[PDB]
Amino acid sequence: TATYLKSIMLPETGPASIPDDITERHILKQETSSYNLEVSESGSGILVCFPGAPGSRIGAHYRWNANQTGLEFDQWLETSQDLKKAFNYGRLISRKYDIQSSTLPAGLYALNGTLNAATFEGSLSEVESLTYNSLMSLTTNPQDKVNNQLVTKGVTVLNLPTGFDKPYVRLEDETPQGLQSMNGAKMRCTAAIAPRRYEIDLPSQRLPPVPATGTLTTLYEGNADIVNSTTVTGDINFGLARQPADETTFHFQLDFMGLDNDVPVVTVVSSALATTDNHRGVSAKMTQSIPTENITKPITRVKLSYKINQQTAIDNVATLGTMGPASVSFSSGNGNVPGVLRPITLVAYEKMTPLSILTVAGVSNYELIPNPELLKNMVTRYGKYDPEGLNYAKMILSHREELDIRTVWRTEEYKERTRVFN
Amino acid sequence: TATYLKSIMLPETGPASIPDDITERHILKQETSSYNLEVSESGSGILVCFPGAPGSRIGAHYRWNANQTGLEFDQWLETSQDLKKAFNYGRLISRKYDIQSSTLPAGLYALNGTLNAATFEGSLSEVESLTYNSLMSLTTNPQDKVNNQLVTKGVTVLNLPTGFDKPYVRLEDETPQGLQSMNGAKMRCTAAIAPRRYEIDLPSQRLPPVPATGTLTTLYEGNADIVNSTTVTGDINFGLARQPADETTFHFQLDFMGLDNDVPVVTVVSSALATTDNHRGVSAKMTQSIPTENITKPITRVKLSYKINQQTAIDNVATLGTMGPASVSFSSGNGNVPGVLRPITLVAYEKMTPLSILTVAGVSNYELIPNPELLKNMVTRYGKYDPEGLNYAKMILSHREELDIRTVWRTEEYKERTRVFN
Amino acid sequence: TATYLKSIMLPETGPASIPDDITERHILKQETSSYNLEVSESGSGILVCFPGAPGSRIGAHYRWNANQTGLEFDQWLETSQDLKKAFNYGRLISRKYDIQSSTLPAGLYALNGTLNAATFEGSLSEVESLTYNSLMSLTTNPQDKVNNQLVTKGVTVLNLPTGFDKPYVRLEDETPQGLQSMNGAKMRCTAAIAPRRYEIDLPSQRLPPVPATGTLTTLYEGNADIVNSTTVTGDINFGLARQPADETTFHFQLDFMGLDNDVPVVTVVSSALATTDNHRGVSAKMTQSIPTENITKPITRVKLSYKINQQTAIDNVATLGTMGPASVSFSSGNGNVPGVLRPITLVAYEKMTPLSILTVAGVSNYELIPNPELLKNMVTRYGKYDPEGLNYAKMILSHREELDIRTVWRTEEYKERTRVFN
């Protein structure tokens with residue numbers, strides 16, 4: 001009794017099964033993350049955490065350049081064992097990040113730095129600026145913010161459950177194959193359990209004119225979100241005013257960008273040869289698939305754009321929508337499952353001593369189903385049946401105000417407030 | 001009981017409605033700033049505090065250059081949430097500043113300290129000279145000055161009210177627009193409730209002769225401060241001595257400059273084509289309006305110039321004021337509201353280690369009125385009716401000397417002196 | 001004792017002097033007005049109440065067109081006597097509206113028609129939907145709304161004061177003159193006590209190209225709010241990309257439009273003739289002042305547009321801002337006095353019998369300052385000094401919820417829930 005609640009407050013005490021209605025034959029597997037991060041010249045950076053993602057990517061790390069004019073993606077914060085190689089399905093039970101610096105290099109005198117932390121129901125694209133002080137303008141819950149904590153005392157980032165009946169999402173595992181493939185090919189069983197769909201919804205107006213051939217005029221530039229595989233569906237139909245004297249190609253790019261810099265994480269291309277025959281029903285169809293191994297860093301922006309390859313076609317207005325409602329969409333994995341992409345927790349350290357080390361210790365419990373290769377030797381079973389235990393997590397997630405149960409803590413406060421949970 | 005007063009002395013325990021005779025329906029907000037300012041080469045600098053301003057800019061920061069002769073504007077000190085996006089009207093309640101180093105020494109004997117602070121009573125532009133020594137010669141009040149404080153002990157700039165019936169100031173919000181707008185044309189509803197007018201008032205004598213065509217000789221150069229949208233009204237009228245041989249343009253400038261250096265924060269222009277038929281009634285109407293988003297850094301230095309564009313009309317006298325006073329004006333915002341543009345609080349650190357860090361942690365409480373959007377879901381209501389209320393605030397301010405109620409503290413004293421107000 | 005509060009709850013009981021800090025010599029007044037509105041074929045219409053406007057114009061009346069695609073302006077609602085003929089300065093104390101049918105059925109089954117009313121805490125320009133069901137979402141307060149009231153029983157719009165120390169406002173009286181004017185001229189002292197300023201702030205990119213000579217391309221258009229006199233101070237300065245082959249005129253319009261249809265309530269034109277010399281910088285200044293008598297119906301939208309008069313100038317890119325910010329602002333009356341333009345009160349009747357009658361029964365109470373010709377015969381005195389006076393009204397406005405004091409009532413509930421007020 002009370003064993004699952006203990007695992008939420010004390011993630012680093014071993015995993016206990018989730019006493020909910022989704023009941024499979026599984027195994028409990030506590031994983032850990034260990035990171036010593038080198039602050040850049042500025043020493044400021046920003047640490048994006050996904051305390052609910054049930055996979056192996058628990059966050060990201062971004063650095064400000066010399067001044068704070070821009071950010072740079074350092075690397076993903078992954079967990080030790082790559083779970084996609086030994087497992088198929090996974091349900092995150094609990095997690096706990098932990099940030100601190102607390103020490104200086106060989107010979108140095110000044111230790112300076114502090115942290116800002118804020119839990120945020122959102123998708124890292126609902127954010128407008130991640131500067132050290134704009135983080136406090138992300139929530140008004142006094143239980144989701146921690147401001148001005150010295151890196152000497154650090155921040156605990158607990159995870160609180162966003163619902164109790166999440167599914168066993170797939171882990172993007174690889175599948176068998178025969179000795180006939182292309183040597184540069186594989187097939188994964190990606191996630192699709194609860195997708196997330198975006199629609200660009202171009203209007204039925206004229207195409208904006210191009211300055212010259214091949215200069216890639218812009219059509220839409222907004223904030224999206226992608227962390228894993230994605231399927232693009234849609235077509236950009238248009239009709240030329242007059243028929244072209246020379247065949248034109250009408251490139252359409254739609255590239256993706258992360259929050260830091262304007263280098264396409266993944267770029268796509270669709271073409272549409274406008275000839276005299278179809279010169280009212282020219283259509284370019286976005287039907288591509290983007291595997292999650294092309295997602296090197298998180299994506300937050302999308303820029304749809306186009307260029308034309310014929311000088312004689314800078315005129316020839318080419319209005320939209322002649323064959324239908326001229327839209328482009330992309331659905332992506334299990335976006336809307338309420339652990340992935342939402343809610344983010346942000347931890348920004350500020351002007352730490354250059355050449356110092358920020359230490360991150362993550363501990364993420366799990367409920368996993370082994371893959372075929374592991375099933376032969378592993379013994380999977382059901383949960384241990386506490387009839388209550390899900391009530392406690394409810395009647396405590398309801399009193400997080402008067403019981404003061406946070407999602408970001410000051411580590412000293414957390415080390416001694418959670419002792420009543422043994 | 002006594003809940004407004006405690007919010008003034010302890011502007012971190014939360015907000016509290018002003019028990020004055022301005023009783024609109026409002027929202028009780030509290031807002032934090034958190035800045036970690038890096039000390040430059042010289043290490044001296046100076047940070048300005050507007051402890052009454054009801055907007056989002058609650059301060060500024062300057063850095064003394066190498067030989068400590070000029071300054072350099074670093075950045076504004078704004079609150080976390082840009083209030084001009086969710087609210088329309090707002091009045092300040094309390095405000096607090098903390099200033100420390102937060103740098104930790106690897107061992108005994110902390111680094112270079114030296115913090116000064118004094119609460120001016122005029123506007124920033126009126127300060128004769130702001131150096132580390134020249135701050136105690138700024139008021140005669142023993143409670144408005146703190147001198148020779150170690151930058152690790154810290155000062156605490158408080159806000160003591162300068163009036164109790166202040167109008168809800170319009171927060172320069174954005175208004176809904178239409179699809180045919182230009183590309184980025186945005187109309188705002190600026191602040192106008194009690195402007196602050198300046199009158200250039202140049203006399204009816206000769207214009208100072210120009211050395212060579214296009215040289216911008218000076219007419220007036222003075223000291224006026226501006227923080228938000230301003231509107232320039234006036235006309236420079238003058239009459240020439242004879243018929244000009246070829247037509248001249250008479251370019252006038254009226255540019256605005258900040259405290260630190262001589263790059264114009266914003267400029268305007270009014271030309272006046274002097275010609276044969278009006279060689280007695282040339283006039284240059286000044287009608288421009290300056291948005292607040294052109295006011296990048298604080299403006300505290302004006303300069304009015306002019307120049308000719310024709311070689312032959314240099315020995316043409318062109319006496320001024322032949323059709324009236326020949327003066328230029330620029331009213332601005334609501335500069336005469338008590339709390340805006342005065343009282344200023346200057347805090348100067350100096351000879352601080354170029355490897356040290358300055359931390360500013362502001363706290364602000366407001367009464368605000370939501371915009372129509374936030375007004376559908378938020379519940380605005382009236383104050384909580386403390387009858388006595390403001391009388392306590394008045395008795396305390398009157399006896400502030402025999403109670404030693406300061407506007408700038410030694411942070412070690414603000415903690416133990418201001419806890420009588422539990 | 002408690003005489004002032006009673007004047008707000010029960011305005012149909014005579015005025016009482018406001019026991020606030022503003023204390024001048026005045027005459028109390030009770031003014032009435034009665035309107036029998038004709039319900040058009042749509043039967044729906046909309047009633048805009050300014051429950052706090054201290055002048056003599058106390059509302060407007062818009063009726064939906066036949067197919068309810070839009071609405072149209074019928075007439076101002078205003079007090080019986082034109083106050084600006086006998087008095088100079090005025091100050092509202094109380095106001096009550098009564099909306100009812102005044103058409104009665106010969107027998108059972110009371111007539112068609114239903115009535116929504118909500119108190120919006122904004123200006124009229126800040127309402128996007130004026131339809132019947134999309135105005136229960138203008139507030140969340142259960143005391144500022146009433147839905148689905150039978151038009152035969154009606155609603156009582158009752159003014160609650162948004163602030164107390166409100167100044168006397170100039171009532172736009174006409175000044176004496178001499179028999180030397182031009183048979184139409186007249187000067188009047190307008191309201192300027194607390195302006196409301198809007199600024200259009202064009203950005204410094206290219207001017208949008210004109211389709212043809214004199215075709216009035218559009219720069220900006222959004223929701224402004226204007227009810228009385230207005231000063232227009234601005235400057236639009238651009239620069240052509242080369243010498244124009246012939247003189248161009250560059251018309252600018254800036255038309256103000258009612259919320260109903262796109263006919264200009266008033267328009268104010270500037271024009272800048274660009275020639276060979278000033279082509280690099282040429283400005284069109286806005287210096288218009290709109291007398292309050294050109295505001296026939298309320299103004300809710302503005303529109304900055306321009307056109308050119310030369311065929312050769314559809315080229316000549318003509319970028320903006322070469323001589324400063326290129327902004328046009330307009331400051332209007334005492335817009336930011338709480339009571340003018342805010343709060344508003346909307347009352348929509350739905351589907352009354354076409355050609356039926358609807359009656360508004362307004363009663364105002366003023367503190368007035370007469371014009372000279374009435375000083376010589378009318379004693380002016382001070383308020384009669386109730387000390388408590390305002391504290392009682394404040395306590396009532398604070399316990400507004402648990403005491404259920406409403407802005408809009410069901411007339412039958414107001415009629416008996418304000419009886420304890422004697």
# chains A, B, ... in the order shown; residues from 1 in each chain; ligands from 1

call {"tool": "calpha_fit_rmsd", "arguments": {"fixed": "chain B", "moving": "chain A"}}
result
1.1 Å

call {"tool": "residues_around", "arguments": {"residues": "residue 215 of chain A", "least_positions_apart": "6", "cutoff": "12 Å", "atoms": "only C-alpha atoms", "output": "VMD selection string"}}
result
chain A and resid 209 250 to 253 305 to 311 314

call {"tool": "select_by_dssp", "arguments": {"residues": "segment 176-406 of chain B", "states": "strand (DSSP E or B)", "output": "ChimeraX atom specification"}}
result
/B:177,188-189,199,217-222,226,230-239,248,251-252,255-258,264-266,270,274,282-286,289-290,299-307,319-320,327-332,345-349,357-360,363-370,381

call {"tool": "residues_around", "arguments": {"residues": "residue 202 of chain C", "least_positions_apart": "4", "cutoff": "8 Å", "atoms": "only C-alpha atoms", "output": "PDB file with C-alpha atoms, in the first residue's frame"}}
result
ATOM      1  CA  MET B 182       0.479  47.834 -44.583  1.00  0.00           C
ATOM      2  CA  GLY B 184       3.629  45.810 -39.925  1.00  0.00           C
ATOM      3  CA  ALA B 185       1.557  48.929 -39.253  1.00  0.00           C
ATOM      4  CA  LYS B 186       0.366  48.701 -35.659  1.00  0.00           C
TER       5      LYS B 186
ATOM      6  CA  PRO C 325       9.273  57.831 -37.544  1.00  0.00           C
ATOM      7  CA  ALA C 326       6.438  58.561 -40.044  1.00  0.00           C
ATOM      8  CA  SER C 327       3.598  58.294 -37.552  1.00  0.00           C
TER       9      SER C 327
END

call {"tool": "interface_residues", "arguments": {"of": "chain B", "to": "chain C", "cutoff": "6 Å", "atoms": "only C-alpha atoms", "output": "PyMOL selection string"}}
result
chain B and resi 21-24+176-178+181-182+185-190+192-193+267-269+287-289+376+379+382-385

call {"tool": "write_last_selection", "arguments": {"atoms": "N, CA and C atoms", "output": "mmCIF file, in the first residue's frame"}}
result
data_model
loop_
_atom_site.group_PDB
_atom_site.id
_atom_site.type_symbol
_atom_site.label_atom_id
_atom_site.label_comp_id
_atom_site.auth_asym_id
_atom_site.auth_seq_id
_atom_site.Cartn_x
_atom_site.Cartn_y
_atom_site.Cartn_z
ATOM 1 N N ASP B 21 -9.458 56.804 -3.192
ATOM 2 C CA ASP B 21 -10.755 57.119 -3.776
ATOM 3 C C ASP B 21 -10.837 56.752 -5.253
ATOM 4 N N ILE B 22 -9.824 56.085 -5.793
ATOM 5 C CA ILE B 22 -9.865 55.543 -7.146
ATOM 6 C C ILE B 22 -10.204 54.067 -7.022
ATOM 7 N N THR B 23 -11.451 53.717 -7.316
ATOM 8 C CA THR B 23 -11.987 52.400 -7.001
ATOM 9 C C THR B 23 -12.552 51.730 -8.243
ATOM 10 N N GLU B 24 -11.769 51.694 -9.314
ATOM 11 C CA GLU B 24 -12.155 50.902 -10.468
ATOM 12 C C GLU B 24 -12.073 49.414 -10.129
ATOM 13 N N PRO B 176 -6.769 46.046 -32.057
ATOM 14 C CA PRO B 176 -7.054 45.145 -33.179
ATOM 15 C C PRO B 176 -7.012 45.884 -34.505
ATOM 16 N N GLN B 177 -6.521 45.196 -35.529
ATOM 17 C CA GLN B 177 -6.281 45.799 -36.828
ATOM 18 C C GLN B 177 -7.003 44.976 -37.882
ATOM 19 N N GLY B 178 -6.775 45.324 -39.148
ATOM 20 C CA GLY B 178 -7.426 44.653 -40.245
ATOM 21 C C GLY B 178 -6.413 44.029 -41.185
ATOM 22 N N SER B 181 -3.862 46.076 -43.541
ATOM 23 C CA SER B 181 -2.783 46.859 -42.953
ATOM 24 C C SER B 181 -1.501 46.700 -43.767
ATOM 25 N N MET B 182 -0.572 47.644 -43.587
ATOM 26 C CA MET B 182 0.479 47.834 -44.583
ATOM 27 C C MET B 182 1.354 46.600 -44.730
ATOM 28 N N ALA B 185 2.172 47.762 -39.865
ATOM 29 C CA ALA B 185 1.557 48.929 -39.253
ATOM 30 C C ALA B 185 0.731 48.503 -38.053
ATOM 31 N N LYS B 186 1.078 49.018 -36.881
ATOM 32 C CA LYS B 186 0.366 48.701 -35.659
ATOM 33 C C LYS B 186 0.026 49.987 -34.927
ATOM 34 N N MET B 187 -1.264 50.177 -34.672
ATOM 35 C CA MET B 187 -1.742 51.330 -33.931
ATOM 36 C C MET B 187 -1.849 50.970 -32.460
ATOM 37 N N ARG B 188 -1.366 51.872 -31.611
ATOM 38 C CA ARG B 188 -1.372 51.665 -30.175
ATOM 39 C C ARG B 188 -2.132 52.801 -29.516
ATOM 40 N N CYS B 189 -2.596 52.551 -28.299
ATOM 41 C CA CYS B 189 -3.285 53.561 -27.502
ATOM 42 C C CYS B 189 -2.317 54.014 -26.420
ATOM 43 N N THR B 190 -1.628 55.118 -26.679
ATOM 44 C CA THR B 190 -0.493 55.539 -25.875
ATOM 45 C C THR B 190 -0.968 56.096 -24.534
ATOM 46 N N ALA B 192 -1.478 59.448 -22.260
ATOM 47 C CA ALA B 192 -1.666 60.874 -22.478
ATOM 48 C C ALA B 192 -2.236 61.639 -21.293
ATOM 49 N N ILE B 193 -2.417 61.010 -20.134
ATOM 50 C CA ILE B 193 -3.311 61.565 -19.120
ATOM 51 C C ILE B 193 -2.780 62.852 -18.495
ATOM 52 N N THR B 267 15.597 60.823 -34.219
ATOM 53 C CA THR B 267 15.680 62.132 -34.850
ATOM 54 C C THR B 267 14.348 62.459 -35.510
ATOM 55 N N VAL B 268 14.168 63.736 -35.845
ATOM 56 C CA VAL B 268 13.110 64.162 -36.754
ATOM 57 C C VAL B 268 13.747 65.126 -37.737
ATOM 58 N N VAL B 269 12.937 65.660 -38.650
ATOM 59 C CA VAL B 269 13.374 66.617 -39.658
ATOM 60 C C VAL B 269 12.178 67.466 -40.069
ATOM 61 N N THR B 287 5.688 68.715 -36.735
ATOM 62 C CA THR B 287 4.439 68.044 -36.425
ATOM 63 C C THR B 287 4.594 66.565 -36.124
ATOM 64 N N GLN B 288 5.815 66.053 -36.057
ATOM 65 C CA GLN B 288 6.030 64.617 -36.008
ATOM 66 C C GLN B 288 5.600 64.027 -34.669
ATOM 67 N N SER B 289 5.260 62.744 -34.707
ATOM 68 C CA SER B 289 4.923 61.962 -33.531
ATOM 69 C C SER B 289 5.861 60.768 -33.457
ATOM 70 N N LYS B 376 -12.704 38.065 -20.662
ATOM 71 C CA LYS B 376 -13.773 37.081 -20.801
ATOM 72 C C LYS B 376 -13.649 35.990 -19.748
ATOM 73 N N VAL B 379 -12.078 37.526 -13.547
ATOM 74 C CA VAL B 379 -13.127 38.192 -12.783
ATOM 75 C C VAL B 379 -12.515 39.424 -12.129
ATOM 76 N N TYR B 382 -13.844 44.885 -7.010
ATOM 77 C CA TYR B 382 -13.485 46.105 -6.308
ATOM 78 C C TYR B 382 -12.563 45.802 -5.136
ATOM 79 N N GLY B 383 -11.986 46.861 -4.575
ATOM 80 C CA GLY B 383 -11.120 46.710 -3.424
ATOM 81 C C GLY B 383 -11.850 46.133 -2.227
ATOM 82 N N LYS B 384 -11.068 45.712 -1.232
ATOM 83 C CA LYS B 384 -11.639 44.919 -0.147
ATOM 84 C C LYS B 384 -12.130 45.796 0.999
ATOM 85 N N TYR B 385 -12.147 47.115 0.802
ATOM 86 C CA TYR B 385 -12.706 48.043 1.784
ATOM 87 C C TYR B 385 -12.027 47.974 3.147
#
